[PDB]
Amino acid sequence: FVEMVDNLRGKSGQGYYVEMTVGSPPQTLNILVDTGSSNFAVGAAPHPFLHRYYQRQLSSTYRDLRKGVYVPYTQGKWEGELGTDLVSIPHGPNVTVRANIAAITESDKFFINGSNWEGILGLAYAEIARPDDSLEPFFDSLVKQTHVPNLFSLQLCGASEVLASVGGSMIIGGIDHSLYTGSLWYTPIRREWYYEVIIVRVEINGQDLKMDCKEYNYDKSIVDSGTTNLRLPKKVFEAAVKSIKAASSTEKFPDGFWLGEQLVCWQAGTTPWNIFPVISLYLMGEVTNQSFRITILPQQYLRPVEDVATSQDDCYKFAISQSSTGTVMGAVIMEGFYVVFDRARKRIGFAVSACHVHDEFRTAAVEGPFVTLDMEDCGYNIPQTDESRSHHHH
Ligand SMILES: COC(=O)[C@H]1C[C@]2(CN1)C(=O)Nc1ccccc12
Ligand SMILES: [Zn+2]
């Protein structure tokens, strides 16, 4: 799959994007690769953060669906007009698909100044598409219209006046064995909406957090390429930070640091990595009572940021943060690993990435199996609203 290697780029903390074309003749746009959502949406009008945008009127193959769409996130929001057009991924499979496209006509706190992307490719499932689940997602249309296998894989890699450039690979339709070492371990997709998974155990430097495992997945756990941080439920975040602070206590950081609101620095090349612990997330295995662990380094959860001031220092941001909407395994987790979104088999694979950042004493790892007798249920059941209950599903 050599032509798809190195098909992702971006700026550290601002998203990985892939080049796509939309329309006839093809307009090129940089599109955020987001496994935490299910819409293909592109800037379609002027915005102070956009260099360029989709112009429906210049496309001979555009069809208007004469329907609007609205997507608020917590942080972030956009709206636009629905239609279809021809879409291709130049550094992807050699095919062209007719897909749904949301033409973003207005937004708030969505586009990111300097990120160099103009749209989003939601790679998750129809259930969480807007306005509803009859708007077929891009990947679904790709699979139905072409012979491309129902799987994609992501290798996200490497992280004074500008942020650092990052690179990665999105392999559509298969697995490229040059992008990983060792074994590939699979965790079930719990339900096809988000890429929901189940964490059964958490350790910080070998030490079990010893919480009821349902807390790890309160109110869900998901794999999301479009989120920078590892985000943890409030209770878990608190326990995690208490344990990391204890490991690192030779260094008394400001509160702002642990809130992700302040950098901490050392003289170039002198960062004391070994005072920061590894974090191990045990994921449910394909077999009853089995699990496997993925282990990340401080090199993953301390994000490097270059101080225009003291550019003579190596400075870092803490990239683990509190959530009220469940665990998010964001780019912090994914930069450790080659991650296989095996939709055909309702599972997510992890292996050690051939490009992850480490040192001479520790590595990110994927290891198993681990076995538990009479393993309880670690999944949470989100309270059912009357609104959601009333939906029909024909
Ligand atoms: C629940 O939707 C998700 O998790 C998606 C969408 C996402 C990150 N991943 C988000 O939340 N805001 C936002 C803003 C810009 C780009 C991507 C996103
Ligand atoms: Zn009905």
# chains A, B, ... in the order shown; residues from 1 in each chain; ligands from 1

$ residues_around --residues "residue A:7" --least-positions-apart "6" --cutoff "7 Å" --atoms "only C-alpha atoms" --output "PyMOL selection string"
chain A and resi 18+91+168-170

$ closest_atom_pairs --of "chain A" --to "ligand 2" --cutoff "9 Å" --atoms "only C-alpha atoms and all ligand atoms" --output "tab-separated table"
residue	atom	partner	partner_atom_place_in_ligand_line	distance
A:391	CA	ligand 2	1 (Zn)	8.0
A:392	CA	ligand 2	1 (Zn)	4.9
A:393	CA	ligand 2	1 (Zn)	6.9
A:394	CA	ligand 2	1 (Zn)	6.5

$ write_last_selection --atoms "N, CA, C and O atoms" --output "PDB file, in the first residue's frame"
ATOM      1  N   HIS A 391     -37.482   7.491  18.917  1.00  0.00           N
ATOM      2  CA  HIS A 391     -37.028   7.307  17.536  1.00  0.00           C
ATOM      3  C   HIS A 391     -37.478   5.938  17.018  1.00  0.00           C
ATOM      4  O   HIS A 391     -37.294   4.922  17.690  1.00  0.00           O
ATOM      5  N   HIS A 392     -37.999   5.908  15.793  1.00  0.00           N
ATOM      6  CA  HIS A 392     -38.147   4.658  15.052  1.00  0.00           C
ATOM      7  C   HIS A 392     -36.902   4.414  14.215  1.00  0.00           C
ATOM      8  O   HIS A 392     -36.122   5.335  13.963  1.00  0.00           O
ATOM      9  N   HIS A 393     -36.731   3.175  13.760  1.00  0.00           N
ATOM     10  CA  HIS A 393     -35.529   2.793  13.024  1.00  0.00           C
ATOM     11  C   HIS A 393     -35.855   1.848  11.883  1.00  0.00           C
ATOM     12  O   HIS A 393     -35.629   0.648  11.976  1.00  0.00           O
ATOM     13  N   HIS A 394     -36.341   2.407  10.784  1.00  0.00           N
ATOM     14  CA  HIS A 394     -36.905   1.597   9.713  1.00  0.00           C
ATOM     15  C   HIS A 394     -35.861   1.237   8.658  1.00  0.00           C
ATOM     16  O   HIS A 394     -35.620   1.993   7.721  1.00  0.00           O
TER      17      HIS A 394
END

$ atom_distance --atom1 "atom CA of residue A:162" --atom2 "atom CA of residue A:14"
11.9 Å

$ residues_around --residues "stretch 52-65 of chain A" --least-positions-apart "3" --cutoff "12 Å" --atoms "only C-alpha atoms" --output "PDB file with N, CA and C atoms, in the first residue's frame"
ATOM      1  N   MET A  20      -7.990  15.436  -0.212  1.00  0.00           N
ATOM      2  CA  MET A  20      -9.084  14.893  -1.010  1.00  0.00           C
ATOM      3  C   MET A  20      -9.437  15.840  -2.137  1.00  0.00           C
ATOM      4  N   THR A  21     -10.119  15.300  -3.139  1.00  0.00           N
ATOM      5  CA  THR A  21     -10.764  16.134  -4.141  1.00  0.00           C
ATOM      6  C   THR A  21     -12.259  15.898  -4.142  1.00  0.00           C
ATOM      7  N   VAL A  22     -12.959  16.991  -4.397  1.00  0.00           N
ATOM      8  CA  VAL A  22     -14.403  17.013  -4.486  1.00  0.00           C
ATOM      9  C   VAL A  22     -14.825  17.722  -5.789  1.00  0.00           C
ATOM     10  N   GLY A  23     -15.707  17.089  -6.554  1.00  0.00           N
ATOM     11  CA  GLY A  23     -16.323  17.779  -7.700  1.00  0.00           C
ATOM     12  C   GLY A  23     -15.657  17.485  -9.023  1.00  0.00           C
ATOM     13  N   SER A  24     -16.251  18.045 -10.085  1.00  0.00           N
ATOM     14  CA  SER A  24     -15.729  17.954 -11.441  1.00  0.00           C
ATOM     15  C   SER A  24     -15.779  19.344 -12.072  1.00  0.00           C
ATOM     16  N   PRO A  25     -14.611  19.916 -12.390  1.00  0.00           N
ATOM     17  CA  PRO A  25     -13.340  19.270 -12.173  1.00  0.00           C
ATOM     18  C   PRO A  25     -13.015  19.258 -10.680  1.00  0.00           C
ATOM     19  N   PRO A  26     -12.056  18.423 -10.275  1.00  0.00           N
ATOM     20  CA  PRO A  26     -11.751  18.222  -8.843  1.00  0.00           C
ATOM     21  C   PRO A  26     -11.183  19.468  -8.158  1.00  0.00           C
ATOM     22  N   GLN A  27     -11.834  19.899  -7.078  1.00  0.00           N
ATOM     23  CA  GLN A  27     -11.278  20.870  -6.128  1.00  0.00           C
ATOM     24  C   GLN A  27     -10.493  20.145  -5.018  1.00  0.00           C
ATOM     25  N   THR A  28      -9.225  20.511  -4.821  1.00  0.00           N
ATOM     26  CA  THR A  28      -8.465  19.929  -3.706  1.00  0.00           C
ATOM     27  C   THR A  28      -8.610  20.667  -2.379  1.00  0.00           C
ATOM     28  N   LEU A  29      -8.794  19.853  -1.342  1.00  0.00           N
ATOM     29  CA  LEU A  29      -9.040  20.350   0.001  1.00  0.00           C
ATOM     30  C   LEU A  29      -8.307  19.429   0.960  1.00  0.00           C
ATOM     31  N   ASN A  30      -7.842  20.014   2.061  1.00  0.00           N
ATOM     32  CA  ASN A  30      -7.254  19.234   3.143  1.00  0.00           C
ATOM     33  C   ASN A  30      -8.300  18.899   4.191  1.00  0.00           C
ATOM     34  N   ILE A  31      -8.418  17.613   4.491  1.00  0.00           N
ATOM     35  CA  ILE A  31      -9.556  17.137   5.284  1.00  0.00           C
ATOM     36  C   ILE A  31      -9.087  16.400   6.544  1.00  0.00           C
ATOM     37  N   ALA A  41     -17.856  16.787   5.913  1.00  0.00           N
ATOM     38  CA  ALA A  41     -18.253  18.188   5.874  1.00  0.00           C
ATOM     39  C   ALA A  41     -17.071  19.061   5.479  1.00  0.00           C
ATOM     40  N   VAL A  42     -17.321  20.037   4.609  1.00  0.00           N
ATOM     41  CA  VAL A  42     -16.224  20.850   4.094  1.00  0.00           C
ATOM     42  C   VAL A  42     -16.595  22.325   4.067  1.00  0.00           C
ATOM     43  N   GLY A  43     -15.647  23.180   4.458  1.00  0.00           N
ATOM     44  CA  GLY A  43     -15.795  24.635   4.304  1.00  0.00           C
ATOM     45  C   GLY A  43     -16.276  24.978   2.903  1.00  0.00           C
ATOM     46  N   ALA A  44     -17.337  25.773   2.838  1.00  0.00           N
ATOM     47  CA  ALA A  44     -18.034  26.015   1.579  1.00  0.00           C
ATOM     48  C   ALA A  44     -18.286  27.504   1.381  1.00  0.00           C
ATOM     49  N   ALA A  45     -17.715  28.318   2.268  1.00  0.00           N
ATOM     50  CA  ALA A  45     -17.815  29.777   2.178  1.00  0.00           C
ATOM     51  C   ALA A  45     -16.618  30.425   2.870  1.00  0.00           C
ATOM     52  N   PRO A  46     -16.452  31.749   2.689  1.00  0.00           N
ATOM     53  CA  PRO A  46     -15.294  32.424   3.274  1.00  0.00           C
ATOM     54  C   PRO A  46     -15.271  32.338   4.792  1.00  0.00           C
ATOM     55  N   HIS A  47     -14.074  32.150   5.335  1.00  0.00           N
ATOM     56  CA  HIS A  47     -13.855  32.194   6.774  1.00  0.00           C
ATOM     57  C   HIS A  47     -12.433  32.666   7.063  1.00  0.00           C
ATOM     58  N   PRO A  48     -12.273  33.458   8.126  1.00  0.00           N
ATOM     59  CA  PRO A  48     -10.997  34.089   8.431  1.00  0.00           C
ATOM     60  C   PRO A  48      -9.875  33.081   8.672  1.00  0.00           C
ATOM     61  N   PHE A  49     -10.223  31.801   8.785  1.00  0.00           N
ATOM     62  CA  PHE A  49      -9.224  30.769   9.031  1.00  0.00           C
ATOM     63  C   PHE A  49      -9.055  29.846   7.820  1.00  0.00           C
ATOM     64  N   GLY A  68     -30.799  20.960   5.087  1.00  0.00           N
ATOM     65  CA  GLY A  68     -29.756  21.519   5.943  1.00  0.00           C
ATOM     66  C   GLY A  68     -29.285  20.562   7.024  1.00  0.00           C
ATOM     67  N   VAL A  69     -28.134  20.880   7.604  1.00  0.00           N
ATOM     68  CA  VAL A  69     -27.574  20.072   8.679  1.00  0.00           C
ATOM     69  C   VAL A  69     -26.886  20.943   9.723  1.00  0.00           C
ATOM     70  N   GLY A  80     -24.591  23.607   7.656  1.00  0.00           N
ATOM     71  CA  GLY A  80     -24.518  23.739   6.207  1.00  0.00           C
ATOM     72  C   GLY A  80     -25.608  23.062   5.417  1.00  0.00           C
ATOM     73  N   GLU A  81     -25.357  22.978   4.121  1.00  0.00           N
ATOM     74  CA  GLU A  81     -26.307  22.458   3.181  1.00  0.00           C
ATOM     75  C   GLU A  81     -25.815  21.115   2.668  1.00  0.00           C
ATOM     76  N   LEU A  82     -26.713  20.135   2.697  1.00  0.00           N
ATOM     77  CA  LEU A  82     -26.439  18.769   2.226  1.00  0.00           C
ATOM     78  C   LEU A  82     -26.560  18.591   0.717  1.00  0.00           C
ATOM     79  N   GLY A  83     -25.679  17.756   0.185  1.00  0.00           N
ATOM     80  CA  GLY A  83     -25.729  17.348  -1.209  1.00  0.00           C
ATOM     81  C   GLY A  83     -24.837  16.155  -1.434  1.00  0.00           C
ATOM     82  N   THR A  84     -24.645  15.814  -2.702  1.00  0.00           N
ATOM     83  CA  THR A  84     -23.690  14.807  -3.107  1.00  0.00           C
ATOM     84  C   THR A  84     -22.779  15.313  -4.227  1.00  0.00           C
ATOM     85  N   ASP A  85     -21.605  14.698  -4.315  1.00  0.00           N
ATOM     86  CA  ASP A  85     -20.663  14.923  -5.409  1.00  0.00           C
ATOM     87  C   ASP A  85     -19.644  13.810  -5.471  1.00  0.00           C
ATOM     88  N   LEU A  86     -18.834  13.828  -6.528  1.00  0.00           N
ATOM     89  CA  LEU A  86     -17.732  12.894  -6.691  1.00  0.00           C
ATOM     90  C   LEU A  86     -16.537  13.264  -5.802  1.00  0.00           C
ATOM     91  N   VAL A  87     -15.962  12.242  -5.193  1.00  0.00           N
ATOM     92  CA  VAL A  87     -14.914  12.420  -4.167  1.00  0.00           C
ATOM     93  C   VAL A  87     -13.829  11.395  -4.407  1.00  0.00           C
ATOM     94  N   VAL A  97     -15.782   8.010  -5.758  1.00  0.00           N
ATOM     95  CA  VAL A  97     -17.063   7.641  -5.158  1.00  0.00           C
ATOM     96  C   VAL A  97     -18.011   8.836  -5.155  1.00  0.00           C
ATOM     97  N   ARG A  98     -19.298   8.554  -5.334  1.00  0.00           N
ATOM     98  CA  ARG A  98     -20.305   9.539  -5.018  1.00  0.00           C
ATOM     99  C   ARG A  98     -20.692   9.433  -3.559  1.00  0.00           C
ATOM    100  N   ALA A  99     -20.415  10.508  -2.815  1.00  0.00           N
ATOM    101  CA  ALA A  99     -20.659  10.576  -1.381  1.00  0.00           C
ATOM    102  C   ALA A  99     -21.524  11.757  -1.036  1.00  0.00           C
ATOM    103  N   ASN A 100     -22.172  11.667   0.123  1.00  0.00           N
ATOM    104  CA  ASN A 100     -22.758  12.826   0.793  1.00  0.00           C
ATOM    105  C   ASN A 100     -21.659  13.829   1.219  1.00  0.00           C
ATOM    106  N   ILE A 101     -21.945  15.112   1.029  1.00  0.00           N
ATOM    107  CA  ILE A 101     -21.059  16.181   1.508  1.00  0.00           C
ATOM    108  C   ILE A 101     -21.889  17.281   2.130  1.00  0.00           C
ATOM    109  N   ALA A 102     -21.521  17.661   3.351  1.00  0.00           N
ATOM    110  CA  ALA A 102     -22.097  18.837   3.999  1.00  0.00           C
ATOM    111  C   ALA A 102     -21.247  20.062   3.661  1.00  0.00           C
ATOM    112  N   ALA A 103     -21.879  21.034   3.010  1.00  0.00           N
ATOM    113  CA  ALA A 103     -21.216  22.279   2.648  1.00  0.00           C
ATOM    114  C   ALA A 103     -21.393  23.308   3.754  1.00  0.00           C
ATOM    115  N   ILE A 104     -20.313  23.528   4.506  1.00  0.00           N
ATOM    116  CA  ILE A 104     -20.354  24.325   5.734  1.00  0.00           C
ATOM    117  C   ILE A 104     -20.491  25.804   5.364  1.00  0.00           C
ATOM    118  N   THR A 105     -21.622  26.402   5.741  1.00  0.00           N
ATOM    119  CA  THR A 105     -21.911  27.792   5.378  1.00  0.00           C
ATOM    120  C   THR A 105     -21.689  28.731   6.552  1.00  0.00           C
ATOM    121  N   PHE A 111     -13.196  25.641  12.781  1.00  0.00           N
ATOM    122  CA  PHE A 111     -11.937  25.806  12.057  1.00  0.00           C
ATOM    123  C   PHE A 111     -10.853  26.353  13.007  1.00  0.00           C
ATOM    124  N   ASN A 116      -4.341  24.278   8.608  1.00  0.00           N
ATOM    125  CA  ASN A 116      -4.269  23.919   7.179  1.00  0.00           C
ATOM    126  C   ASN A 116      -5.282  22.878   6.686  1.00  0.00           C
ATOM    127  N   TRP A 117      -6.295  22.581   7.486  1.00  0.00           N
ATOM    128  CA  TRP A 117      -7.452  21.831   6.968  1.00  0.00           C
ATOM    129  C   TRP A 117      -8.746  22.665   6.839  1.00  0.00           C
ATOM    130  N   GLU A 118      -9.584  22.243   5.888  1.00  0.00           N
ATOM    131  CA  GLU A 118     -10.768  22.976   5.464  1.00  0.00           C
ATOM    132  C   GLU A 118     -12.048  22.146   5.630  1.00  0.00           C
ATOM    133  N   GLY A 119     -11.920  20.910   6.094  1.00  0.00           N
ATOM    134  CA  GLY A 119     -13.099  20.068   6.289  1.00  0.00           C
ATOM    135  C   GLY A 119     -12.810  18.887   7.208  1.00  0.00           C
ATOM    136  N   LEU A 135     -28.270   9.390   6.685  1.00  0.00           N
ATOM    137  CA  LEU A 135     -27.199  10.021   5.893  1.00  0.00           C
ATOM    138  C   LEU A 135     -25.951   9.141   5.884  1.00  0.00           C
TER     139      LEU A 135
END

$ residues_near_ligand --ligand "ligand 1" --cutoff "10 Å" --atoms "only C-alpha atoms and all ligand atoms" --output "PyMOL selection string"
chain A and resi 14-15+32-39+71-78+108-112+117+119-124+128+194+222-228+325+328+330

$ closest_residue --among "A:70, A:370, A:338, A:138" --to "residue A:157" --atoms "only C-alpha atoms"
A:338

$ residues_around --residues "residue A:329" --least-positions-apart "3" --cutoff "12 Å" --atoms "only C-alpha atoms" --output "PyMOL selection string"
chain A and resi 35-36+194-199+216-217+220-233+281+283+294+296+300-301+319-321+323+326+332-337+339

$ write_last_selection --atoms "C-alpha atoms" --output "PDB file, in the first residue's frame"
ATOM      1  CA  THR A  35     -12.805   8.603  13.870  1.00  0.00           C
ATOM      2  CA  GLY A  36     -15.004  10.294  16.504  1.00  0.00           C
ATOM      3  CA  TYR A 194     -18.522   5.625  17.896  1.00  0.00           C
ATOM      4  CA  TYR A 195     -15.591   3.181  17.799  1.00  0.00           C
ATOM      5  CA  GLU A 196     -16.553   2.139  21.309  1.00  0.00           C
ATOM      6  CA  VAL A 197     -14.322  -0.192  23.288  1.00  0.00           C
ATOM      7  CA  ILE A 198     -14.046  -1.522  26.837  1.00  0.00           C
ATOM      8  CA  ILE A 199     -11.152  -0.880  29.223  1.00  0.00           C
ATOM      9  CA  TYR A 216     -13.010   3.428  33.208  1.00  0.00           C
ATOM     10  CA  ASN A 217     -15.865   3.458  30.680  1.00  0.00           C
ATOM     11  CA  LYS A 220     -18.262   5.257  27.212  1.00  0.00           C
ATOM     12  CA  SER A 221     -14.741   4.674  25.893  1.00  0.00           C
ATOM     13  CA  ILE A 222     -13.934   5.569  22.281  1.00  0.00           C
ATOM     14  CA  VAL A 223     -10.959   5.714  19.858  1.00  0.00           C
ATOM     15  CA  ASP A 224     -10.845   9.232  18.320  1.00  0.00           C
ATOM     16  CA  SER A 225      -8.134  10.431  15.915  1.00  0.00           C
ATOM     17  CA  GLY A 226      -9.720  13.916  15.979  1.00  0.00           C
ATOM     18  CA  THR A 227      -9.002  14.463  19.683  1.00  0.00           C
ATOM     19  CA  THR A 228      -5.412  15.364  20.716  1.00  0.00           C
ATOM     20  CA  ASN A 229      -5.382  14.248  24.313  1.00  0.00           C
ATOM     21  CA  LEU A 230      -6.040  11.153  26.328  1.00  0.00           C
ATOM     22  CA  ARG A 231      -9.245  12.231  28.047  1.00  0.00           C
ATOM     23  CA  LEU A 232     -10.350  10.383  31.165  1.00  0.00           C
ATOM     24  CA  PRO A 233     -13.555  10.446  33.245  1.00  0.00           C
ATOM     25  CA  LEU A 281      -4.697   0.430  29.481  1.00  0.00           C
ATOM     26  CA  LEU A 283      -8.607  -3.692  26.761  1.00  0.00           C
ATOM     27  CA  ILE A 294      -1.298  -1.075  25.482  1.00  0.00           C
ATOM     28  CA  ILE A 296       2.344   4.498  26.542  1.00  0.00           C
ATOM     29  CA  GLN A 300       3.337  10.321  24.277  1.00  0.00           C
ATOM     30  CA  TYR A 301       1.494  12.211  27.053  1.00  0.00           C
ATOM     31  CA  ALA A 319      -1.823  16.052  27.322  1.00  0.00           C
ATOM     32  CA  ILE A 320      -4.051  14.026  29.676  1.00  0.00           C
ATOM     33  CA  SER A 321      -7.294  15.864  30.509  1.00  0.00           C
ATOM     34  CA  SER A 323     -13.780  14.347  30.532  1.00  0.00           C
ATOM     35  CA  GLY A 326     -16.200   9.126  28.858  1.00  0.00           C
ATOM     36  CA  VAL A 332      -1.727  10.697  22.542  1.00  0.00           C
ATOM     37  CA  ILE A 333      -2.726   7.024  22.638  1.00  0.00           C
ATOM     38  CA  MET A 334      -2.721   6.482  18.868  1.00  0.00           C
ATOM     39  CA  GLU A 335       0.780   7.921  18.298  1.00  0.00           C
ATOM     40  CA  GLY A 336       2.063   4.837  20.177  1.00  0.00           C
ATOM     41  CA  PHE A 337       0.488   2.345  17.841  1.00  0.00           C
ATOM     42  CA  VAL A 339      -4.402   1.026  14.866  1.00  0.00           C
TER      43      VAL A 339
END

$ closest_residue --among "A:126, A:378, A:279, A:284" --to "residue A:203" --atoms "only C-alpha atoms"
A:279

$ select_by_dssp --residues "stretch 198-277 of chain A" --states "strand (DSSP E or B)" --output "PDB file with C-alpha atoms, in the first residue's frame"
ATOM      1  CA  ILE A 199     -11.152  -0.880  29.223  1.00  0.00           C
ATOM      2  CA  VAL A 200     -10.965  -3.520  31.969  1.00  0.00           C
ATOM      3  CA  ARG A 201      -7.917  -2.360  33.966  1.00  0.00           C
ATOM      4  CA  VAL A 202      -5.632   0.674  34.268  1.00  0.00           C
ATOM      5  CA  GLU A 203      -2.056   0.668  35.715  1.00  0.00           C
ATOM      6  CA  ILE A 204       0.358   3.591  36.320  1.00  0.00           C
ATOM      7  CA  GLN A 207       0.339  -0.095  39.894  1.00  0.00           C
ATOM      8  CA  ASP A 208      -3.369  -0.890  39.518  1.00  0.00           C
ATOM      9  CA  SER A 221     -14.741   4.674  25.893  1.00  0.00           C
ATOM     10  CA  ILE A 222     -13.934   5.569  22.281  1.00  0.00           C
ATOM     11  CA  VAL A 223     -10.959   5.714  19.858  1.00  0.00           C
ATOM     12  CA  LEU A 230      -6.040  11.153  26.328  1.00  0.00           C
ATOM     13  CA  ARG A 231      -9.245  12.231  28.047  1.00  0.00           C
ATOM     14  CA  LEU A 232     -10.350  10.383  31.165  1.00  0.00           C
ATOM     15  CA  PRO A 233     -13.555  10.446  33.245  1.00  0.00           C
ATOM     16  CA  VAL A 264       7.109  23.114  31.882  1.00  0.00           C
ATOM     17  CA  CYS A 265      10.687  23.256  30.665  1.00  0.00           C
ATOM     18  CA  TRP A 266      14.159  21.774  31.014  1.00  0.00           C
ATOM     19  CA  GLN A 267      17.460  22.703  29.370  1.00  0.00           C
TER      20      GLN A 267
END

$ closest_residue --among "A:125, A:316, A:193, A:253" --to "residue A:268" --atoms "only C-alpha atoms"
A:316

$ atom_distance --atom1 "atom CA of residue A:175" --atom2 "atom CA of residue A:4"
11.0 Å

$ residues_around --residues "residue A:361" --least-positions-apart "6" --cutoff "12 Å" --atoms "only C-alpha atoms" --output "ChimeraX atom specification"
/A:273-274,278,297

$ atom_distance --atom1 "atom CA of residue A:272" --atom2 "atom CA of residue A:246"
14.6 Å
